[PDB]
Amino acid sequence: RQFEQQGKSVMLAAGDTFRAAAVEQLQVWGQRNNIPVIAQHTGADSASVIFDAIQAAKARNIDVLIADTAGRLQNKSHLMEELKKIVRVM
RNA sequence: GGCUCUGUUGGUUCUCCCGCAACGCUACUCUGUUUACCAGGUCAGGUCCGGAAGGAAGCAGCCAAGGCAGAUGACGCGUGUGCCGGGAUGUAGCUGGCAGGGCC
Ligand code: ALF
Numbered sequence: 121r122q123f124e125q126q127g128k129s130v131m132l133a134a135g136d137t138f139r140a141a142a143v144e145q146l147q148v149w150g151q152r153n154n155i156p157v158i159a160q161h162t163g164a165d166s167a168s169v170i171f172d173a174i175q176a177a178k179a180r181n182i183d184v185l186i187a188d189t190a191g192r193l194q195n196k197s198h199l200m201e202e203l204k205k206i207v208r209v210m
């Protein structure tokens with residue numbers, strides 16, 4: 121809504137396929153803002169979803185795209201490598 | 001100014017197979033101690049046979065070994081990691097691009 125206020129078009133992307141009902145939550149937040157939200161399912165690859173979200177945003181000429189991520193502790197290296205994979209794909 | 005679904009293509013999930021790299025799981029054995037005579041070995045002391053030479057049954061101690069524990073390698077069972085790994089397969093499910101219609 122903050123980015124919806126000055127007239128910038130906003131689209132949301134769900135990057136958490138791990139936690140339960142995160143997709144549905146961001147879909148609720150997306151419905152409250154009356155803006156399209158791109159997500160697939162729980163368990164899906166996050167980097168792929170975010171990638172497709174950016175591609176779609178480029179095709180739909182979306183001004184601002186916000187990409188969510190899964191909650192992760194810093195002491196976990198594999199999740200850090202996953203996030204690095206997300207960035208690398210982006 | 002947005003959206004949906006077809007044509008084509010890129011991913012992803014599930015089922016099956018496999019490679020590399022990156023994180024995590026039992027039963028046995030090594031040490032800690034334990035088990036009087038009635039599994040075994042060495043068997044002190046003592047005792048049995050003998051003039052002598054020497055053998056003998058065998059307690060304790062010790063070592064296996066049998067109970068109970070502290071953890072060591074391979075078998076057995078798993079995976080929200082990376083190479084968007086390589087493949088098989090869906091009449092599948094989800095997502096994106098493009099050629100676009102049409103709906104507003
Ligand atoms: F949405 Al969360 F940990 F609760 F990423």
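Heads up: take any position in the first sequence, counting from 1, add 120, and you land on PDB author numbering. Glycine included, every Cβ here is placed at the ideal spot set by N, Cα and C.
Proximity of residue i and residue j at Cβ, strictly below 7 Å
i: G135; j: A187; result: yes
i: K205; j: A167; result: yes
i: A173; j: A133; result: yes
i: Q147; j: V157; result: yes
Member of the options whose CA lies at the smallest distance from the CA of residue i
i: residue 212; options: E144, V169, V157 and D183; result: The requested residue 212 does not occur in the structure, where the chain is confined to residues 121 to 210.
i: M131; options: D183, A141 and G191; result: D183
i: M210; options: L185, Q194 and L193; result: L185
i: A176; options: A159, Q122 and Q126; result: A159
i: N154; options: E201, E124, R139 and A140; result: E124
i: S129; options: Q145, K178 and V143; result: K178
i: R139; options: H161, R180 and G127; result: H161
Within the structure, which residues are defined as neighbours of the ligand ALF by a Cβ-heavy atom distance below 6 Å, reported in chain order? Applying a distance threshold of 6 Å between residue Cβ atoms and the heavy atoms of the ligand ALF selects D136, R139, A142, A190 and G191, given in chain order.
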